[PDB]
Each structure stands twice: as C-alpha cells, then as structure tokens.
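Asker: Quick one: experimental structure and sequence below.
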Amino acid sequence: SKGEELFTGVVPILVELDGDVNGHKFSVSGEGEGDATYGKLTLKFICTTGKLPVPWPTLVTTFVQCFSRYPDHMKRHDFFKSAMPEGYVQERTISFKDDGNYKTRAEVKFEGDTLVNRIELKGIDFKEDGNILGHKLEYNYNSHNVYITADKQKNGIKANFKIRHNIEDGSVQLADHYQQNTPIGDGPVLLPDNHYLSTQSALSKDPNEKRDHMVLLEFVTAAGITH
C-alpha cells in the first residue's frame with residue numbers, strides 16, 4: 001500500500017482519551033513513538049484529571065495496530081497501514097468476565113507527520129469493589145494473539161481475542177475483546193486473509209513522575225500466514 005511507506009521509519013505518536021466508567025470521568029494523554037519495522041511501541045501516558053479510576057492495564061488495548069510488524073510476505077494483509085494517512089475508526093466492546101464492560105470508539109489517523117489515536121470510552125455495569133473499580137489488578141501485562149478477519153461490507157476488518165489481567169490474589173480477570181475497524185478515507189485499503197497479531201507488553205513507572213501514569217514498551221508481530 002502507499003500507506004505502508006509512511007511507517008518505514010520512527011513515527012511520533014499522540015494518544016488522547018476521555019472516559020466515563022460508572023460516572024467516574026477522566027482523561028488521559030500519551031506521547032511516544034512507533035517503529036513498525038521492529039513492531040515496536042514506546043509511550044508514556046498521564047492521567048490529567050488526577051487519579052485514574054480504573055487500573056492502567058485495563059486501558060492498554062484501547063491506547064495503533066498500524067505499528068505492528070507485518071512480514072514482507074504478509075504486506076498484502078496489512079489493513080491498518082493501508083488506511084493511512086486518512087485513517088480508520090476502531091470500535092470495541094471489552095467485556096470483563098463477571099464485571100462491567102467498556103465500549104470504545106476511536107479514530108486513528110495522521111495529523112501532519114504524527115500518528116494520533118483519539119478515543120472516547122464508556123464503562124458501565126462495574127462492581128463498586130470488583131477488580132476494576134476496586135483496583136485489584138496487578139501492574140503487569142500478558143502476551144496475546146489478536147485474531148483478525150475481513151469485514152467486507154464495512155471495507156474493513158474485525159478482531160476477536162481474550163486479554164488476561166492478573167489479579168493481586170494470583171487469579172485472573174478475563175477481558176473478552178470484540179473489535180471492528182472501518183477506513184475513513186477514499187483510497188483503496190487491504191482486506192486481509194485471516195491472520196493474527198502476536199503481542200507482548202511491559203509496564204513500568206517513571207521514577208521522577210508523581211502524576212498517575214504508565215510507561216509502556218510493546219512489540220507486535222503479524223503471523224499465521226506462510227506465503
């Protein structure tokens with residue numbers, strides 16, 4: 001795609017989110033950069049409204065799959081870069097097993113040379129002292145497979161996957177994800193064969209930062225297609 005050529009180097013990223021979870025309103029701003037050549041993301045997020053009212057890990061998937069590394073032989077399956085620069089809408093329902101749900105709608109597109117992810121998040125049905133509103137999730141992150149399929153009538157894609165959040169008692173909080181993405185612009189986009197993105201993420205803190213924040217280092221590779 002022409003879109004692909006926009007990602008051969010390091011690209012600066014901005015993330016802006018506004019959220020309302022059970023009437024707790026909040027905002028997050030993030031900055032960093034992506035290097036799709038290496039499937040690599042580096043960002044720092046800051047809650048600008050005070051304390052974040054949900055655990056940071058629960059927002060990772062919401063906070064730019066155009067930075068995944070597509071092997072050369074899988075170039076024809078990279079919807080995400082093909083929609084650039086005009087971008088794509090990304091919508092999800094995230095269902096926290098035996099707790100509430102997030103519904104997210106985001107638009108991912110270039111503003112100048114910067115790749116931007118603008119998100120609105122709404123959370124309902126949460127338990128006041130469940131794992132989310134009760135802040136019972138560990139500050140860490142597991143490795144997943146994101147299963148993608150074409151969604152031809154939308155000129156886009158779907159994804160379906162299961163995120164695992166470790167709980168501080170040693171258990172696990174499942175977050176089922178269902179995702180749909182729709183291109184914004186009028187150039188041709190790539191409608192892929194079924195495949196998956198293999199993810200890994202490391203969460204950390206900046207020792208000099210006293211605002212509520214998250215540092216994220218993430219690597220993602222497309223897989224599941226041999227030729």
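Answerer: Noted; the coordinates are in hand. Numbers count the residues shown, from 1 in each chain.

Asker: CA atoms for contacts and neighbours, from now on please.
Answerer: OK.

Asker: Assign the residue nearest the centre of the chain to helix, strand or coil.
Answerer: In the chain, the C-alpha nearest the mean C-alpha coordinate belongs to residue 61, at 3.3 Å (Cα atoms, centre = their mean). Assigned state for residue 61: coil (three-state reduction, DSSP: H, G, I helix; E, B strand; the rest coil).

Asker: Contacts only, for it.
Answerer: Under the criterion of Cα atoms under 8 Å, 6 or more residues apart in numbering, residue 61 has no contact partners.

Asker: Once you drop chain neighbours, what's closest to the residue lying farthest from the centre of the chain?
Answerer: In the chain, counting by Cα atoms, centre = their mean, residue 227 sits farthest out from the average C-alpha position, at 27.1 Å. Beyond its immediate neighbours in the sequence, the residue positioned closest to residue 227 (Cα to Cα, 6 or more residues apart in numbering) is residue 73, lying 6.0 Å away.

Asker: May I have the secondary structure class of the one you found?
Answerer: With three-state DSSP as the basis, the three-state label of residue 73 is helix.

Asker: and it, how many neighbours?
Answerer: Applying other Cα atoms under 10 Å, we find 10 residues neighbouring residue 73.

Asker: And it, how close does it get to residue 86?
Answerer: Distance of residue 73 to residue 86, given as Cα to Cα, to the nearest Å: 25 Å.

Asker: residue boundaries of the helices in the protein?
Answerer: Taking DSSP state H as the criterion, the chain contains helices spanning 79-82.

Asker: so who does residue 155 touch?
Answerer: Applying Cα under 8 Å, 6+ apart to residue 155 gives the contacts 182, 183, 189, 191.

Asker: So the first one versus residue 62, what's the distance?
Answerer: For residue 182, the distance to residue 62 (Cα to Cα) stands at 16 Å.

Asker: about what we covered before: could you double-check that the residue nearest to residue 227 sits in contact with residue 224?
Answerer: No: in this structure, residue 73 is not within contact of residue 224 by Cα atoms under 8 Å, at 11.4 Å.

Asker: Quick check: bridge partners of the closest residue in space to residue 203 that isn't next to it in sequence?
Answerer: In space, and not counting its chain neighbours, residue 203 is closest to residue 216: 4.9 Å by Cα to Cα, 6+ apart. For residue 216, the residues forming beta bridges with it (DSSP bridges) are residue 43, residue 203.

Asker: my read: residue 216 touches residue 200, true?
Answerer: No: when contacts are counted by Cα under 8 Å, residue 216 is not listed as touching residue 200 (10.4 Å).

Asker: The two: who's more crowded?
Answerer: In this comparison of residue 216 against residue 200, neighbours counted by other Cα under 10 Å, the higher total goes to residue 216 at 20 against 15.

Asker: Now do stretch 203-222: everything it contacts.
Answerer: Surrounding stretch 203-222, the residues in contact under the criterion Cα under 8 Å, 6+ apart are 38-47, 50-52, 56, 67-71, 74, 139-141, 195-202.

Asker: ok, the closest residue to residue 137 other than its chain neighbours - how many residues close by?
Answerer: Nearest in space to residue 137, with sequence neighbours left out and distances taken as Cα to Cα, 6+ apart, is residue 167 at 4.4 Å. For residue 167, the number of neighbouring residues by other Cα under 10 Å comes to 18.

Asker: Please apply the same query to the one 3 residues further on.
Answerer: Counted by other Cα under 10 Å, the residues lying close to residue 170 total 9.

Asker: Now the phi/psi pair for it, please.
Answerer: Residue 170 adopts backbone torsions of phi 90, psi -10, taken as degrees, to the nearest 10.
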